[PDB]
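Here the structure is laid out as structure tokens; the discussion comes afterwards.
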Amino acid sequence: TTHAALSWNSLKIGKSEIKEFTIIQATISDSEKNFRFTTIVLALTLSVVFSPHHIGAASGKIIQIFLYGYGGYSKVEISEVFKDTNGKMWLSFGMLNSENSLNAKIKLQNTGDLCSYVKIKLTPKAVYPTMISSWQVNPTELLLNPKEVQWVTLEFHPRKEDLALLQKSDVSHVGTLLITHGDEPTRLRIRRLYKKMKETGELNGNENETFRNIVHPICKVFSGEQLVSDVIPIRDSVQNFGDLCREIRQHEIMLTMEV
Amino acid sequence: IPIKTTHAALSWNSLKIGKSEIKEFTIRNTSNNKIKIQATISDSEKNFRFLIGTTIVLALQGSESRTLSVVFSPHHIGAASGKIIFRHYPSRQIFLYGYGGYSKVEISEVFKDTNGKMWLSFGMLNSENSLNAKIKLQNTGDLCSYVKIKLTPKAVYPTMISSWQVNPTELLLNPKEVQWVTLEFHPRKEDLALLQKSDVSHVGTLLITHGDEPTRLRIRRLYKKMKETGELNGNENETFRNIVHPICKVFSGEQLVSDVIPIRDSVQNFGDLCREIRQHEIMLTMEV
Amino acid sequence: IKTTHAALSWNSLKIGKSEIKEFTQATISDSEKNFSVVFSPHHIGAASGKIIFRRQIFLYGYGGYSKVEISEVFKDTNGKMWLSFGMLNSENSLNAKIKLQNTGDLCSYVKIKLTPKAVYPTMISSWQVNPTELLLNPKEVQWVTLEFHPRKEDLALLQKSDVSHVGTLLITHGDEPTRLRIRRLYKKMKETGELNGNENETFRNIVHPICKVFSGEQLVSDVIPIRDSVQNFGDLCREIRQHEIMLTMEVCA
Amino acid sequence: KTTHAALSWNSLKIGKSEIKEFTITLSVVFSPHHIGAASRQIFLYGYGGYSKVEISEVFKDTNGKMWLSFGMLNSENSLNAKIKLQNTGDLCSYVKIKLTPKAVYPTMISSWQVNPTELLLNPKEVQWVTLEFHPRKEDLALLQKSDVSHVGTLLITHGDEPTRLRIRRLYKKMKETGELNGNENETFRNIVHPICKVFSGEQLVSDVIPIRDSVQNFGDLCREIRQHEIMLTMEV
């Protein structure tokens, strides 16, 4: 057995993903009957399917080898922004009135069944020491329960120094808003696993230049995090950690401004 | 006066007050003798000048020839007609035409990207319903403005346009006039069959040709004169006709202004006159 | 008894792949066991059938595909194709080429149309493209050459930016048999003049230059026993693949 | 009180002049007569010349984006490509480059091999930057859906080498006194820190030492930091 255990990502009800493991009687000792092939025999690459019947955790046993899954999903839909046929997302503040500053809002809708996590990070195009002081965006980070609606409001007080670069064109790219979102439990799983790997020192050299910067703002305890104990019996490992980071959803709304 | 100009006349486009356009023409002596001629611009409204004042003089030595440049600055909105006279220092005459004012049709309630495109979204297809949107057209100029709108669907079935309803298809806008263009789309099952794959689907493209109305009258007279002679019929005009043909039609509401009849345009100035036809292509999408 | 569809035709389907079409005690009569009704080509070629109510409704189909790949042109992650002429050398004109290869099993048809970004009456076209129209036998590869002679009217608008859009190359391609089918029915479309009012400007412009007799067109007689009609034409004209290539040119310095 | 005990310009092109206002209001003009530094009650600093860092052998868009394609993933092989970098300027150039892949997995940087990661170019020096991608199994799991896949983004921060020495001089003080020692700088440092390290081949020029720049004008000096992004494309 190459993989000591198999862990699936959070999957919506009525969808099944397969995963393989390389290796006598065989049987899935599952009480909730989430994992199937149900009981086989083979003489000497095996593949197991996962179909979440109930929203919630799923733990299975093969005659031993451990199987891990968790059912439900999260779909953060961004609204009141413009989306292109190509795919890119666009938010316009309007024209620059003298002696005034600009401000806008975004709507976030959770169309899933599980809790969702959202970390927002704003990056302006111009650079100067107080480049963070000109933008004020709130909430910077939050959680959304299923079918919850939240408005994120962002105010921009343009200084002369950024507009000195925004001068040239009539519609000026001023910044990019990155929204990292997804399901809350996968964040708990990756947080637990990252604490495990950092405590043992697996990733603390060079390969950690970019990776920490991608996983840092999500492994912290969020504000409003009501600790759910459904994810404590699921132990994920190093080999499947990439498949866990694959469910980190990221979108980059564009910020524009006319003349 | 042995002389042979290149341009029989010089005609300018439409220029804002306080803006000047230059145009040059090559004047050539034909006789192998020594001629010396005076060029005087008889301008009544101070619209045309030289490149100095209102009168110059030059000598030409046996086909030794030159290139003169004339500037145009329309002080008043309205037509401008002058004539340069070449006398000896018997007459030679070249006449000049220009017309002042401008038009700036501004499209509004549409989205503009940093790239340059303009984007209009209908929304999300609700079951048993159809979609609709609107755009604002504002004339911020000094002259009357002309707008021809033409819609091209993305799907290709024989009755593709009958699912689209666009109003107004063609119109004029006076300065500081506001007009709203309404677009209704009741999709047939054949339209959505391709839009399936993505979440935001391109459904059509709306072309808006706009500009100043009088230049349309000038281009219309020139296009009608040229089309009957067969000058503009063949291969090199496939794209040009398709942009300039639907605009030479008689518009609805066209109040015939007689200010452009004293302006004589020619074959030689047809390209730079048609280059000032402003054209934009709004995108039409939805989010299924 | 009465059927909203007196006949049922499909499009040209890939080998071994099935296409379903719905229509609204039960026996069928097909010769090559090809066939709500489902279609699967068991012989690479045309397909026919006459079902028997228990009283006849005619079914038609055609099997095969034509995958014409455009190469030596840059493709985008978003999906837009991009061709560059390079840089405007003084006293010279710019040139480029694209390759088109039919990686399918049926004949492919390719009509090319160019639209410049500059509009002006010169009567000597700065663009020279060859071949404007052609057809490809299976696995036939052809090169399309494009030459641009920049006159001052072209460069007068291309001045502002460093990378200038100079033209748009539309390639309408697909399988020859569906072109014969659409042309055959399109001739009858004109016998009644059914949609000449406003459709005449967006539909005819897309489907008329395809109904002309191509050069090299060797008349295949496999599409004559086919009886597709007006109602399925909307579906039949769906297999006209149309791609757009950008034409770009970098300005000096 | 004249709001600035010192006033610095940027590196200006040959023979073109830029005016700057300095309140007291007053306006002053600079024009470079010699490629090199420049120094009543007067206290002013400036320096003339330019470095045009041109990226070539990469496809550009009418919109302005840049695109590099590795070709198609042949089985059992790994992919590699190269870009040309030419200094069509008059002063030395600095070209700190960093690549960030589009796939998130713990060994991101190791699968990518890019050289040179750091270098500087004197005027009209031409260098080729090679970048090789060994597709690890985590990478292709995301690139499956479409036919043309975005695999990474390569940031090239380039500009004038001499202005970099001034930026380092000001940033070292600004951090030794802790003016900008906080964490909000996490978006600024990522933009300006990888250029303040000592490059290889850096021959210390002493022409930038008499240029006494201060805290307030740092923004204007760091305004001339050119930033381009190259898209990384893989077919199939």
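Net charge near B:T205: determine it from the other residues with C-beta under 13 Å of the C-beta of B:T205, scoring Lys and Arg +1 and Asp and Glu -1.
Combined, the nearby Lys, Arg, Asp and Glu give +1.
Write down the percent of antiparallel bridges among all DSSP beta bridges whose residues are both part of chain B, to the nearest 5.
90 percent
Considering all projection directions equally, how large on average is the shadow of the alpha-carbon convex hull of the protein assembly as shown, in square nanometres?
56.1 nm²
With θ set to phi - 60°, apply the Karplus curve 6.51 cos²θ - 1.76 cosθ + 1.60 along the range A:206-222 and write out the HN-Hα couplings as whole Hz, x wherever there is a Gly or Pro.
Each residue of the range A:206-222 in turn: 9, 4, 9, 4, 8, 5, 4, 4, 8, 9, 5, x, 9, 7, 7, 6, 6 Hz.
For peptide C:171-183, what's the mean number of Cβ atoms from other chains within 10 Å of each residue's Cβ?
Per residue, the number of nearby Cβ atoms from other chains is 0 on average.
Given C:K152/D:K52; D:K82/D:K124; C:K187/C:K212; C:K67/C:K190; A:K168/D:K197, which pairs have Cα atoms separated by over 21 Å?
C:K152/D:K52; C:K67/C:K190; A:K168/D:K197
What are the extents of the Cα atoms of the range C:1-64 along their three principal axes, in Å, largest first?
34, 20, 15
Out of every Cα pair in the range D:51-236, what percent are spaced more than 20 Å from each other?
That fraction is 60 percent.
Using the Karplus equation 6.51 cos²θ - 1.76 cosθ + 1.60 (θ = phi - 60°), what ³J(HN,Hα) coupling, rounded to whole Hz, does each residue of the range D:126-143 give in order, writing x for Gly and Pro?
Using θ = phi - 60°, the values come out as 10, 9, 9, 9, 9, 9, 10, 10, 9, x, 7, 4, 5, 5, 6, 5, 8, 6 Hz.
Using only C-alpha atoms and all pairs of different ones, pull out the Kirkwood radius for the range A:86-186 in Å with one decimal.
For the range A:86-186, the Kirkwood estimate is 15.3 Å.
Counting only other chains, and only Cβ atoms inside 10 Å, what mean value do you get across the residues of D:98-111?
Mean partner-chain Cβ count within 10 Å for D:98-111: 5.
Could you give me D for the range D:129-209, from Stokes-Einstein at 37 °C and 0.692 mPa s, where the hydrodynamic radius is the Kirkwood radius over C-alpha pairs? Units µm² s⁻¹, please.
The estimated diffusion coefficient comes to 199 µm²/s.
Take every residue in peptide C:190-203, count the Cβ atoms of other chains within 10 Å of its Cβ, and give the average of those counts.
The mean count of partner-chain Cβ atoms within 10 Å per residue comes to 3.
Averaging the inverse of every distinct alpha carbon separation and then flipping it gives the Kirkwood radius. What is it for the range A:199-259, in angstrom units?
It is 15.2 Å.
Tally the DSSP beta bridges in the range C:1-64 and give the antiparallel ones as a percent, rounded to 5.
70 percent
To one decimal place, what Kirkwood hydrodynamic radius in Å is obtained for the range B:162-269 from all pairs of distinct Cα atoms?
Taking the inverse mean of 1/r over all distinct Cα pairs, the range B:162-269 comes out at 17.4 Å.
If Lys and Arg each add +1 and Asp and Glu each add -1, what is the summed charge of the other residues whose beta carbon sits under 10 Å from the beta carbon of C:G45?
After counting each charged neighbour, the total is -2.
Laboratory data are not the source of any read-out in this text; all were calculated from the coordinates shown. Cβ sites come from the backbone with ideal geometry, for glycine too, and all protein chains shown count toward neighbours.
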